[PDB]
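First comes the structure, then the notes that go with it.
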Amino acid sequence: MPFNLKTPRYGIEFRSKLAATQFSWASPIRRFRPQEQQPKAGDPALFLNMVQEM
Amino acid sequence: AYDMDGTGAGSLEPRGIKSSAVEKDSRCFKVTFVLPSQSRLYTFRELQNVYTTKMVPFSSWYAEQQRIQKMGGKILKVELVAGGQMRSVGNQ
Amino acid sequence: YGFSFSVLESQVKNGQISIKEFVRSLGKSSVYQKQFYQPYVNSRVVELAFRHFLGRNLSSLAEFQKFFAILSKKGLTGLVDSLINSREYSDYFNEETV
Amino acid sequence: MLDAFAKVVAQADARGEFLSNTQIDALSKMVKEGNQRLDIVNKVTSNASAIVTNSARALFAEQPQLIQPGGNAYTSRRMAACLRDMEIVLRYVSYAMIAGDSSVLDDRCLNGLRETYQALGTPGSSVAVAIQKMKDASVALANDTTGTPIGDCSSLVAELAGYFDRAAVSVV
Amino acid sequence: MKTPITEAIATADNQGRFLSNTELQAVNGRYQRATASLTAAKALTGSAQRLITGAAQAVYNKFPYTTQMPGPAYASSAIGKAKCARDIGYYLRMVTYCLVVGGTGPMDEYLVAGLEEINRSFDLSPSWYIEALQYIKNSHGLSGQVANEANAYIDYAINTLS
Amino acid sequence: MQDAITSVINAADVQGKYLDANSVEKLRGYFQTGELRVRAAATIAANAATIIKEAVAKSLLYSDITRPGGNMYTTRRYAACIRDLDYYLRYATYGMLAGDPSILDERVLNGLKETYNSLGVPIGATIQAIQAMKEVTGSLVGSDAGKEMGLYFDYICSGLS
Amino acid sequence: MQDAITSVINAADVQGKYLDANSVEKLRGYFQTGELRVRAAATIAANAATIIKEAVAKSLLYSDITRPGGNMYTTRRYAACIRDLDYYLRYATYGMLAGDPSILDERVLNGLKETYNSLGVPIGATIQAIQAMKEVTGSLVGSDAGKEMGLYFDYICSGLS
Amino acid sequence: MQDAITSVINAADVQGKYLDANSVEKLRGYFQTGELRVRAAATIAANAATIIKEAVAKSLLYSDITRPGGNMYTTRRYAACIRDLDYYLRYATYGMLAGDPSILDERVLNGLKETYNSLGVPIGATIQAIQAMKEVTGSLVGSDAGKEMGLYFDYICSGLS
Amino acid sequence: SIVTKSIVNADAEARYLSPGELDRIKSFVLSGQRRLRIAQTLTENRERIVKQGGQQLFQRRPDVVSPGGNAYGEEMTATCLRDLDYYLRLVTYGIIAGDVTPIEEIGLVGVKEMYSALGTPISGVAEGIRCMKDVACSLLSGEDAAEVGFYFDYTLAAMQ
Amino acid sequence: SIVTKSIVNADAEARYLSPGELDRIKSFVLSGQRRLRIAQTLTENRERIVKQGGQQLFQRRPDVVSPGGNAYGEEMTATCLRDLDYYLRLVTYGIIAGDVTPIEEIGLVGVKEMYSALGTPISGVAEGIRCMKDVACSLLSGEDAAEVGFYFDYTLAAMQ
Amino acid sequence: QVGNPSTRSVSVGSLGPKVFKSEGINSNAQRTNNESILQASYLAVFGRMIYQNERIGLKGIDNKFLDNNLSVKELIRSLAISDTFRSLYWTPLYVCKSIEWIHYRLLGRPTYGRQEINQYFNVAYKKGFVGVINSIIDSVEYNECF
Ligand SMILES: *CC[C@H]1/C(=C/c2[nH]c(/C=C3N=C(/C=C4\NC(=O)C(CC)=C4C)C(C)=C\3CCC(=O)O)c(CCC(=O)O)c2C)NC(=O)[C@@H]1C
Ligand SMILES: *[C@H](C)[C@H]1/C(=C/c2[nH]c(/C=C3N=C(/C=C4\NC(=O)C(CC)=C4C)C(C)=C\3CCC(=O)O)c(CCC(=O)O)c2C)NC(=O)[C@@H]1C
Ligand SMILES: C=CC1=C(C)[C@@H](Cc2[nH]c(/C=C3N=C(/C=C4\NC(=O)[C@H](C)[C@H]4CC)C(C)=C\3CCC(=O)O)c(CCC(=O)O)c2C)NC1=O
Ligand SMILES: CCC1=C(C)/C(=C/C2=NC(=C/c3[nH]c(/C=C4/NC(=O)[C@H](C)[C@H]4CC)c(C)c3CCC(=O)O)/C(CCC(=O)O)=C2C)NC1=O
Ligand SMILES: CCC1=C(C)/C(=C/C2=NC(=C\c3[nH]c(/C=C4\NC(=O)[C@H](C)[C@H]4CC)c(C)c3CCC(=O)O)/C(CCC(=O)O)=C2C)NC1=O
Ligand SMILES: CCC1=C(C)/C(=C/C2=NC(=C\c3[nH]c(/C=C4\NC(=O)[C@H](C)[C@H]4CC)c(C)c3CCC(=O)O)/C(CCC(=O)O)=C2C)NC1=O
Ligand SMILES: CCC1=C(C)/C(=C/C2=NC(=C\c3[nH]c(/C=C4\NC(=O)[C@H](C)[C@H]4CC)c(C)c3CCC(=O)O)/C(CCC(=O)O)=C2C)NC1=O
Ligand SMILES: CCC1=C(C)/C(=C/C2=NC(=C\c3[nH]c(/C=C4\NC(=O)[C@H](C)[C@H]4CC)c(C)c3CCC(=O)O)/C(CCC(=O)O)=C2C)NC1=O
Ligand SMILES: CCC1=C(C)/C(=C/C2=NC(=C\c3[nH]c(/C=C4\NC(=O)[C@H](C)[C@H]4CC)c(C)c3CCC(=O)O)/C(CCC(=O)O)=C2C)NC1=O
Ligand SMILES: CCC1=C(C)/C(=C/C2=NC(=C\c3[nH]c(/C=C4\NC(=O)[C@H](C)[C@H]4CC)c(C)c3CCC(=O)O)/C(CCC(=O)O)=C2C)NC1=O
Ligand SMILES: CCC1=C(C)/C(=C/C2=NC(=C\c3[nH]c(/C=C4\NC(=O)[C@H](C)[C@H]4CC)c(C)c3CCC(=O)O)/C(CCC(=O)O)=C2C)NC1=O
């Protein structure tokens, strides 16, 4: 890993302690994936990323 | 569904009290009575209040009034608090 | 599950209806027949009703045939009315004891 | 780092055989498309600073809370860092277009980019929104038939679209 | 139905006369060309689902807003993606009908008569179908006069939409 | 209970007569305004929680009843307060549908004045709370529907005083 | 109990899916026949006493079970037995309206075979009375609704053997 | 078991009658269509492994019934399911040849709904596979034999429902 | 379903259905074409109705997604929108069933006990359903938007 | 386990476990900690074992992935590696159980009937399991690959 | 058999099931149904056809029968005392539910009462699973009927 992508400007231990004054953002909405389209154990759709690396 | 479907003597269902209430009747009285136990001196259950004033549906007043009389009780007052008098339809 | 019979409770807390009248309108309710009338046959409904409105089991064969015939002819409310309007209920429970 | 030819050499180097004469025809088909490759890259590297700022402006109208006071990309210190962060993704996507394979995209850019947005608290789903804003601007500019002969280039813009939605699923 | 056979009958019947050699020569040219036309009709039929599913994808990669916008006119849900691939299979089925018949007769009545009233009413854009028809032209994989007979009825559809 | 349809069947049956012209006219008066009640009945059932929340805060929220010692003090009192207001709102909606206030005398006003006097509930405040519930409910169903709705709110307050 | 509509909803909800095209066609199959079932249900309720009266005369009236020694000899056993036939007719009508034999499992068939074995009632003669009652019903309601009613008459007999 | 000829001989024996015109009509009805049954029975025996392989993939191949946790997940459970479909197809051909579904009652359907309810086999998914097996076989044997073959696939699902 | 409640109600009395009860079944099967079409229009607008509904909910209730709220985080907000999809799916079942009994038997019986145990504010789930009602009611006509809104307001009343 | 077959073998004879029969059970539990380490190695290398085993299976049998083969396509090829993931899991079960019964009872009984009914070449599935064996025996020591080699070998012989 | 104890072996006819007999009738006395009596034996013991993986262990038994080296009694016995039969109908069952089932397969009827079910339950307590099979196949009702 490159070191600028290893150690950023601040870590998880400085960000989590200031969630009252600073770093209060709450996160926007993700793209809505329906729950019944998600793969379960024994589905061949969990190996399509393996097949595209062939 | 109602107690007056023709069941009388010589039928398969045992003889009981028959009411003149319609299906899902909604008339209720307001009664007052005293009903002693007359059996506590050989069962020895706890003592209970026997002076009662309660609202009883029209569908059960013939059986309740007939039960209070068999068991020595005395009915002190009865009034109709819900429902119309001599109404043809609209008792449901 | 958060069920509630709100008009029945205020009438029984105030004294307008007794506990016998509270139990009777809980038998002919919709929550009761949804749970103890629909998923069962008429034979099993007569036996479970004796456990809820009388606190005991059927004793004889002529006692089943008398109450099976009432349920078969008048449904749920014709059965629950015949159990609370009986002398055995008032003997053990007189208008105020659950 | 590999190019497209290096992944065919280093694959059969591990098998240890000579490169077959039917594999040379796949490498010679690539150099026939070698000059249609070079003006997909020239179309996107020349409008590079307007693919970025027109996609950020479309992002900040959909999700206005990223730039409002108390938001992540609020101040002028951090608007500039958000604007830089899409310039770096567009840089390495065009690097993996000119090489033919994505081995420099997921090595110096995507190698742990997800784990530093959990440490910074940056919403990683919103960076993958603004990458698909840049994908829609870059495949529309690679269909530009000005200063170029007309031909079918649909298989190479579908490869440029592949490196855009690889860098979007690697931050979420 | 514009067929070479029925354009010959209607030419002789405009003036109330029998079929001369002006008309038997016109339907001779249908039969010489029918060999190349009937081999394109089997090749476009046998690779239909490869061409329909490939050309529906060609519109989404060219117009990405059609899979993102909300509304009944766009292919953002599964209902709109099924009505899109239904239309591409309508355009491919009309082209094989014209190669069987010989002229631009089936897609005149069944496809293009009244089409621009439909695209204006239901807010459908005709540039989506030009992009889909230009995928089928570049990917039927035919050659020779078999390809020239197929490309002519594809280009006839592109000129009606433009 | 008897609605507008049953009330005209009753008047005819006590004479042994069929439904004559004066009877069929009253029946059209109900049918013509029927789908307007069904629309107003669904609008109040959807805004039932807010019709009571704004009536209570506007009528009796910071008064002496909510203070210690006053009536409606404990949470049991408060929950019994707003449980009563929903009873009136739910039964006045039954009367507007049937077009006859007979259901209010059997299941609401059945000796309710004696019960409130024994318990010590302020009758003057409950009548003004129902009145405040009539001015917010009228804003929803309009005047033409608000005319029928208010016809029964005054029936409860008049049968309560 | 669950009808043909709720049976489709539960099949989809148990997977977490919305109603797709395969389930929408089952929903259309029930709506198209809804007016045919309501029409047969009204004619069966009016001819119930004559369906039972003619299925009994045709199957078990002058048989051995009506004489001394057989099952249903005394008048209580004749009256208790045609009360059973009035169960099957009424519950076969509920199943025809709902288009699902679910109500026959819960409220009719669950534990009905053991009841007859303890009482001593012949199952073979009961199945013949329901089959004779299926033929009389099929002539009153027609040939289309008549074979729907027979669909739930056979569920009782096969659920009883 | 009794075939179509035996069912006609027994129906006349129970009456004490020589074979009349009505029973001779039912005898010819079987003799005429008899060679159409020997052809369908010979084509089903040849495409047996194909009719099952196409109804499985059509109905229950990529569902959650084959994934881990589903009834029929492991290879023992998979091989046990396609062995059940082999009996239904094989027994619906015995019934089509004999022209009488008596073979299905005595050897297939007796206590079969109690057997699946004990093991946990889904009855709904089993009926779908037989419905899929009904149309895949109806395309091979034609329109005449395809309808009589479906007569005994429906007899199995009806008693299994 | 409308048919189910008519059959169980006439079983408690041990009798057949009356003409007034059978006409409610005829009147209901006649509207089957309109119900199957309204449910289809909502099923085709899942991502917009669910996404639009949860977007407005976080402006009327910004605390639920801020630091400390129940739905704080991307994975929590994802399950946040998962719940709204449950009730949209249940609403399509009620529109097709002809009554609100599927919405009750699935996700309204014991709803206050479930959400109090998970630590979720039940008042926020009812605010999120009221926002989905405005989005879903803007895709329909004058008459179809009126009845579809009644199925959304019923869920909110039973959720308070 | 050997415990299960030792009790079923002694239960049928209606007697208690034998003296030597008990010594086998004691020797099994003393090696249980070592069995957990071998099975732990394959569990964290599962995707690499399936990939390399998947690649080298398509070079020794290109007919399975060519036009006309069973695993032709990217979705049908995904079902290839899915089945390879199953059997790699079942061999980890047999390593911890010290026996082949977890493999045999899960995916060995009815394996000929199952693959014969799918149209899948049973001859090729054994080839893929043999290609997964060398990778698994490549990540283990001299005698650890001799332990895992028993379970990989039993699966192939039963698949022919 | 309770009002006619001597009716044992006398074939019922077309009212009963099909009876398979290793006959060997010919002008040279050759058995031509060795492959049908073996198929009928698996269906009598197991009721179905076992899987190809579990039938592998029994191939040594089928090879000796098809070679005309085993009787039907020694074939039925060698199938019932196998470990695939034991793993199906003895181990996963209540001990008296296995005797009631195993008795119904080897002999065509269920037990008469307690004097017959207690007799085998004592043979199982002492000898085991194999002792129960041999006591039914060496029975007197078996040799008289089959
Ligand atoms: C519109 C963009 C979203 C956003 C971005 C944002 N990012 C940062 C900070 C960093 N991003 C990286 C990632 C890389 N840096 C690199 O140099 C490379 C190539 C080697 C990568 C892949 C790193 C290290 C940082 C930290 C500083 C930096 O180098 O840029 C910030 C600033 C963080 C701060 O609080 O100062 C922002 C605002 N944030 C959003 O709101 C948008 C969704
Ligand atoms: C897919 C490429 C794009 C797309 C398709 C889309 N089309 C429709 C609706 C219609 N399409 C037609 C076209 C024909 N009907 C015919 O019979 C023939 C000849 C055989 C043709 C060419 C018509 C008439 C309609 C409207 C009526 C109908 O729905 O059948 C829709 C639905 C639009 C609506 O409002 O219902 C869609 C989504 N849309 C895209 O975005 C794709 C890029
Ligand atoms: C260093 C700078 C540099 C470039 C910019 C390119 C520029 C470039 N492209 C082409 C040649 C070409 N360029 C294109 C490209 C396109 N046609 C389209 O419709 C698309 C819009 C577009 C790319 C996406 C095509 C299709 C050809 C080949 C013509 C053909 O085969 O039909 C040629 C001619 C080559 C020859 O004659 O053999 C040149 C010089 N090459 C370079 O070395
Ligand atoms: C002892 C039994 C008893 C209780 C408990 C009681 C409660 C009661 N609490 C109120 C609460 C209230 N409580 C708060 C409390 C808050 N807490 C916080 O942590 C937030 C910062 C804030 C918002 C929730 C607020 C703001 C109100 C007034 C609401 C309003 O009128 O807008 C009011 C309305 C005004 C009034 O006081 O009359 C009553 C009657 N009454 C009683 O007899
Ligand atoms: C054994 C002692 C005893 C008696 C007598 C008794 C009577 C009694 N009669 C009743 C009603 C009634 N009684 C009558 C009777 C009559 N109408 C006429 O015109 C007549 C002159 C009269 C017939 C002789 C009618 C019509 C009603 C119904 C009233 C109504 O529905 O409005 C009711 C109300 C409940 C019900 O009807 O089911 C009771 C309790 N209860 C008892 O415990
Ligand atoms: C369906 C028709 C119907 C009504 C209306 C009804 C009323 C009724 N209101 C009650 C109490 C009450 N009602 C209130 C009401 C109020 N306090 C105020 O300040 C306001 C003026 C008013 C709001 C309307 C309060 C505070 C109590 C509790 C009294 C106590 O617990 O002592 C009680 C006693 C039972 C209980 O404690 O819940 C009944 C029975 N019952 C019925 O069956
Ligand atoms: C021990 C108690 C007991 C009784 C009473 C009884 C009656 C009884 N009466 C019957 C028929 C009958 N009963 C009658 C009787 C009459 N017709 C008239 O006009 C007169 C009013 C009346 C006689 C005085 C008739 C005509 C039939 C034949 C009806 C038919 O076949 O449709 C039948 C049907 C066939 C049969 O006889 O088995 C039974 C079972 N069964 C019993 O177990
Ligand atoms: C809702 C589903 C349901 C059914 C059907 C049901 C039936 C039922 N039938 C009964 C009796 C009976 N059922 C019959 C019926 C018959 N006799 C015959 O010969 C015919 C074959 C048959 C008429 C078709 C007879 C005669 C008795 C009385 C048995 C006795 O008194 O010993 C009894 C015992 C009660 C009594 O003796 O009255 C029950 C509980 N229970 C249920 O819960
Ligand atoms: C745990 C024990 C166990 C196993 C092993 C198992 C296998 C199993 N393998 C399947 C398919 C399959 N397997 C393959 C495999 C291959 N194609 C080839 O050419 C190669 C020879 C081979 C890969 C090495 C293919 C192509 C399918 C899908 C066939 C079809 O869909 O028609 C399926 C059908 C769909 C699904 O995956 O659910 C099941 C159930 N199930 C189990 O419970
Ligand atoms: C069909 C009827 C039905 C419902 C409704 C249902 C809800 C349900 N909501 C859950 C969690 C949750 N629900 C929420 C909900 C919310 N957060 C907010 O800010 C909003 C106010 C609110 C609504 C969007 C959150 C954040 C979680 C995850 C809680 C956690 O992970 O700590 C969970 C636990 C995880 C899961 O299995 O998904 C269930 C079971 N289950 C059901 O069967
Ligand atoms: C493997 C599981 C299993 C068990 C346990 C089992 C027991 C069993 N115990 C029996 C009898 C018996 N069991 C007892 C037992 C007892 N008497 C007492 O006082 C004690 C409290 C108790 C023993 C501790 C007696 C006295 C009998 C004889 C009953 C009789 O002869 O009527 C019988 C009937 C024997 C026969 O009729 O041939 C069986 C089958 N069967 C099984 O399949």
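Note that these values count all heavy atoms, side chains included, but never hydrogens, waters or copies made by symmetry. Here is how names work: the chains are called A, B, and so on, in the same order as the sequence lines, proteins then strands, and each is numbered from 1.
- Contact annotation: the side chain of H/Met72 approaches that of H/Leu60 to within less than 4.5 Å [non-hydrogen atoms, C-beta and beyond].
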Set out, in order, the CA-CA distance, both residues' side-chain angles and the distance that settles ring-ring contact (aromatic ring centres under 6.0 Å, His included) for H/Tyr88 and H/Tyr152, then state yes or no. CA-CA 9 Å; H/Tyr88 301 137; H/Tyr152 302 94; over 10 Å; no

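- With hydrogens and angles ignored, the 3.5 Å screen pairs no side-chain donor or acceptor of I/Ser6 with any backbone N or O of I/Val3.
- Taking each heavy atom of C/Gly2 and I/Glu113 in turn, the nearest pair found is N-OE1, 3.6 Å.
- Using a cutoff of 4.0 Å between basic side-chain nitrogens and carboxylate oxygens, I/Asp153 and I/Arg130 are not scored as salt-bridged.
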Would you sort out whether G/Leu140 and G/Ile44 count as a side-chain contact (heavy atoms from CB on, under 4.5 Å), showing the intermediate values? CA-CA 8 Å; G/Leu140 281 171; G/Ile44 295 176; over 6 Å; no

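- Two residues are said to be in side-chain contact when any heavy atoms from C-beta on lie closer than 4.5 Å; I/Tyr151 and I/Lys133 fail this criterion.
- The neighbour count for I/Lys5 NZ, taken as heavy atoms of other residues, nucleotides or ligands under 6.0 Å away, is above 12.
- A heavy-atom distance below 4.5 Å is found between the side chains of C/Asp81 and C/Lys28.
- G/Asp13 contributes atom CG, which lies 4.0 Å from atom CD1 of I/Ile106 (distance to the nearest 0.5 angstrom).
- Side-chain atoms of I/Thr120 do not come within 3.5 Å of backbone N or O of I/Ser116 as any donor-acceptor pair.
- For the pair G/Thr43 (side chain) and G/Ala40 (backbone), a donor-acceptor distance under 3.5 Å is absent.
- Residue G/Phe31 comes nearest to G/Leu27 through the heavy atom pair CD1-O, 3.1 Å, listed as atom of the first residue, atom of the second, then distance.
- At a threshold of 4.0 Å, the pair C/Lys74-I/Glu13 does not count as salt-bridged, since none of the basic side-chain nitrogens sits closer than that to a carboxylate oxygen.
- Side-chain contact check for I/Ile2 versus I/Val29: every heavy-atom pair is 4.5 Å or farther apart.
- Heavy-atom minimum distance, C/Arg24 versus C/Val80: O-CG1, 3.9 Å.
- Separation of atoms OG1 (H/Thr115) and CG (H/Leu109) is listed at 11.0 Å; rounding is to 0.5 Å.
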Could you go through the side-chain contact (heavy atoms from CB on, under 4.5 Å) check for G/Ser102 and G/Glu106 one step at a time? CA-CA 7 Å; G/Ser102 167; G/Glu106 310 156 339; 3.8 Å; yes

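- Inspection of the I/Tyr154 and I/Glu104 side chains reveals an N or O donor paired with an N or O acceptor under 3.5 Å.
- Residue I/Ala136 comes nearest to I/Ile49 through the heavy atom pair CB-CD1, 3.9 Å, listed as atom of the first residue, atom of the second, then distance.
- A salt bridge does not link I/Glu143 with I/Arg34: none of the charged nitrogens is closer than 4.0 Å to a carboxylate oxygen.
- The existence of a salt bridge linking C/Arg44 and C/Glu47 is confirmed by a sub-4.0 Å separation between a basic side-chain nitrogen and an acidic carboxylate oxygen.
- Within the 4.5 Å cutoff, no side-chain heavy atoms of C/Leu48 are placed close to those of C/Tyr37.
- Applying the 6.0 Å contact sphere to NZ of A/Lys40 captures no more than 12 heavy atoms from other residues, nucleotides or ligands.
- For G/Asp100 and G/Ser7, the side-chain atoms include no donor-acceptor pair closer than 3.5 Å.
- Side chains of H/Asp154 and H/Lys134 form a contact here, defined as non-hydrogen atoms less than 4.5 Å apart.
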Which is it for A/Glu36 and I/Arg89 under the salt bridge (charged side-chain N to carboxylate O under 4.0 Å, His left out) test, yes or no, and what are the steps along the way? CA-CA 12 Å; A/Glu36 76 262 14; I/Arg89 193 177 89 235; 6.0 Å; no

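- In terms of modelled atom types and a separation under 3.5 Å, the side chain of G/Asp3 and the main chain of G/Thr6 share a donor-acceptor contact.
- Relative orientation of the C/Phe3 and C/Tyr1 rings is perpendicular, given thresholds of 30° and 60° on the angle between their planes.
- One finds the NZ atom of H/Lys113 at 5.5 Å from the OG atom of H/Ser161 (value rounded to the nearest 0.5 Å).
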Residues I/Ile25, G/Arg37; criterion side-chain contact (heavy atoms from CB on, under 4.5 Å); working and verdict: CA-CA 10 Å; I/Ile25 298 176; G/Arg37 303 170 184 264; over 6 Å; no

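- Cation-pi geometry between G/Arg107 and C/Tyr40 is not satisfied (NZ or CZ under 6.0 Å from the ring centre, within 45° of the ring normal).
- Using a 4.5 Å cut-off on side-chain heavy atoms (C-beta onward), H/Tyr62 and A/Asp43 make no contact.
- Between the H/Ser63 side chain and the H/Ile65 main chain, a donor and an acceptor come within less than 3.5 Å of each other.
- A side-chain donor from one of H/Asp105 and H/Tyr155 sits under 3.5 Å from a side-chain acceptor of the other.
- The environment of CD in H/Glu114 is sparse: at most 12 heavy-atom neighbours from other residues, nucleotides or ligands sit within 6.0 Å.
- Between G/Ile9 atom CD1 and G/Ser23 atom OG the span is 9.5 Å, to the nearest 0.5 Å.
- Using a 4.5 Å heavy-atom threshold, the side chains of I/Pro102 and I/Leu90 count as separate.
- Within the 3.5 Å criterion, the main-chain N or O of I/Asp23 finds no donor-acceptor partner in the side chain of I/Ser27.
- Closest approach of I/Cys137 and I/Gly149 over heavy atoms only: SG-CA, 3.8 Å.
- Note that NZ of H/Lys58 is 11.0 Å distant from CD of H/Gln131, once rounded to the nearest 0.5 Å.
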Passes side-chain contact (heavy atoms from CB on, under 4.5 Å), I/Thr43 versus G/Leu19? Steps please. CA-CA 8 Å; I/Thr43 306; G/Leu19 285 155; over 6 Å; no

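- Residues I/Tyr115 and I/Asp83 bring a donor and an acceptor atom of their side chains to less than 3.5 Å of each other.
- Between the side chain of I/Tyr87 and the backbone N or O of I/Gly107 there is at least one donor-acceptor pair closer than 3.5 Å.
- Looking only at distances, a side-chain donor or acceptor of I/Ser31 sits under 3.5 Å from a matching main-chain atom of I/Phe28.
- Note on ring orientation: taking the six-membered ring where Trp is involved, the planes of C/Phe67 and C/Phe50 are perpendicular (angle over 60°, cut-offs 30° and 60°).
- If you look at C/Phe53 and C/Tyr32, their ring centroids are closer than 6.0 Å.
- Between I/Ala97 and G/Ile5, the shortest heavy-atom distance links the atoms CA-CG2, 4.0 Å.
- Between G/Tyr87 and G/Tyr91, the ring-plane angle classifies as perpendicular under the 30° and 60° cut-offs.
- The list of salt bridge (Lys or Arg N to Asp or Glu O under 4.0 Å) pairs with a residue in residues 82-91 of chain G, not counting sequence neighbours, reads G/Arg90-I/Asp11.
- Separating the CG atom in G/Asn22 from the NZ atom in G/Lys17 is a distance of 9.5 Å, to the nearest 0.5 Å.
- Panel note: side chain H/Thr66, backbone H/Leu61; a donor-acceptor pair is recorded below 3.5 Å.
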